[PDB]
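The structure appears right after this line, and notes come after that.
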Amino acid sequence: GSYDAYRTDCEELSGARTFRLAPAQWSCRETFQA
């Protein structure tokens, strides 16, 4: 994972989302705009 430490968030948002959908929906979408 961990594409220059940017998508290291976004791999939860790809899978772990089912048990997150807000506490982690706070980085991939805006730290680099997906």
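Identifiers for the structure tokens are assigned positionally: chains receive A, B, ... in sequence, residues are indexed from 1 per chain, and ligands are indexed from 1 in the order shown.
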Report as a PyMOL selection string all protein, DNA and RNA residues lying within 12 Å of residue 11 of chain A, evaluated on only C-alpha atoms, omitting residues in the same chain fewer than 6 positions from it.
chain A and resi 1-3+5+17+20+24-25+27-28+34
Residues just named, written with N, CA and C atoms as a PDB file, in the first residue's frame:
ATOM      1  N   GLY A   1       0.836  -1.212   0.000  1.00  0.00           N
ATOM      2  CA  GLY A   1       0.000   0.000   0.000  1.00  0.00           C
ATOM      3  C   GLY A   1       0.861   1.249   0.000  1.00  0.00           C
ATOM      4  N   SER A   2       0.434   2.269   0.740  1.00  0.00           N
ATOM      5  CA  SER A   2       1.253   3.392   1.216  1.00  0.00           C
ATOM      6  C   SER A   2       2.003   4.226   0.157  1.00  0.00           C
ATOM      7  N   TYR A   3       1.447   4.363  -1.059  1.00  0.00           N
ATOM      8  CA  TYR A   3       1.912   5.269  -2.129  1.00  0.00           C
ATOM      9  C   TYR A   3       2.359   6.639  -1.580  1.00  0.00           C
ATOM     10  N   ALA A   5       3.212   7.508   1.285  1.00  0.00           N
ATOM     11  CA  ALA A   5       2.403   7.710   2.495  1.00  0.00           C
ATOM     12  C   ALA A   5       1.061   8.466   2.318  1.00  0.00           C
ATOM     13  N   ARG A  17     -13.478   0.629   5.360  1.00  0.00           N
ATOM     14  CA  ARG A  17     -14.627   1.546   5.257  1.00  0.00           C
ATOM     15  C   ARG A  17     -15.926   1.027   5.899  1.00  0.00           C
ATOM     16  N   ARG A  20     -15.682   1.941   9.357  1.00  0.00           N
ATOM     17  CA  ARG A  20     -15.171   3.308   9.502  1.00  0.00           C
ATOM     18  C   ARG A  20     -16.210   4.304   8.957  1.00  0.00           C
ATOM     19  N   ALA A  24     -12.156   7.755   9.217  1.00  0.00           N
ATOM     20  CA  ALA A  24     -11.074   7.685   8.230  1.00  0.00           C
ATOM     21  C   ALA A  24     -11.440   8.341   6.884  1.00  0.00           C
ATOM     22  N   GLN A  25     -12.723   8.641   6.619  1.00  0.00           N
ATOM     23  CA  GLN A  25     -13.164   9.379   5.420  1.00  0.00           C
ATOM     24  C   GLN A  25     -12.864  10.884   5.555  1.00  0.00           C
ATOM     25  N   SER A  27      -9.099  11.919   4.842  1.00  0.00           N
ATOM     26  CA  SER A  27      -7.740  12.097   4.308  1.00  0.00           C
ATOM     27  C   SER A  27      -7.649  11.871   2.789  1.00  0.00           C
ATOM     28  N   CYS A  28      -7.822  10.655   2.246  1.00  0.00           N
ATOM     29  CA  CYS A  28      -7.675  10.401   0.796  1.00  0.00           C
ATOM     30  C   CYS A  28      -8.411  11.413  -0.108  1.00  0.00           C
ATOM     31  N   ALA A  34      -8.201  12.483  -3.796  1.00  0.00           N
ATOM     32  CA  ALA A  34      -8.396  11.133  -4.348  1.00  0.00           C
ATOM     33  C   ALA A  34      -7.540  10.777  -5.585  1.00  0.00           C
TER      34      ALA A  34
END
Atomic distance atom CA of residue 4 of chain A - atom CA of residue 30 of chain A, expressed in Å with one decimal:
15.4 Å
Name the residues in contact with residue 26 of chain A at a cut-off of 10 Å, using only C-alpha atoms, excluding same-chain residues fewer than 6 positions from it; report them as number ranges by chain.
A: 9-10, 13
Residues just named, written with N, CA and C atoms as a PDB file, in the first residue's frame:
ATOM      1  N   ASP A   9      -3.673   5.876   4.080  1.00  0.00           N
ATOM      2  CA  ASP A   9      -5.044   6.083   4.554  1.00  0.00           C
ATOM      3  C   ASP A   9      -6.033   5.341   3.646  1.00  0.00           C
ATOM      4  N   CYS A  10      -6.042   5.718   2.365  1.00  0.00           N
ATOM      5  CA  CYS A  10      -7.006   5.298   1.349  1.00  0.00           C
ATOM      6  C   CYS A  10      -7.158   3.782   1.120  1.00  0.00           C
ATOM      7  N   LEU A  13     -10.023   3.069   3.385  1.00  0.00           N
ATOM      8  CA  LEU A  13     -11.203   3.620   2.710  1.00  0.00           C
ATOM      9  C   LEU A  13     -11.666   2.732   1.533  1.00  0.00           C
TER      10      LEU A  13
END
Pick out each residue of chain A that DSSP on the backbone tags as helix (DSSP H, G or I); I need them as a PyMOL selection string.
chain A and resi 3-5+7-14+16-19+28-31
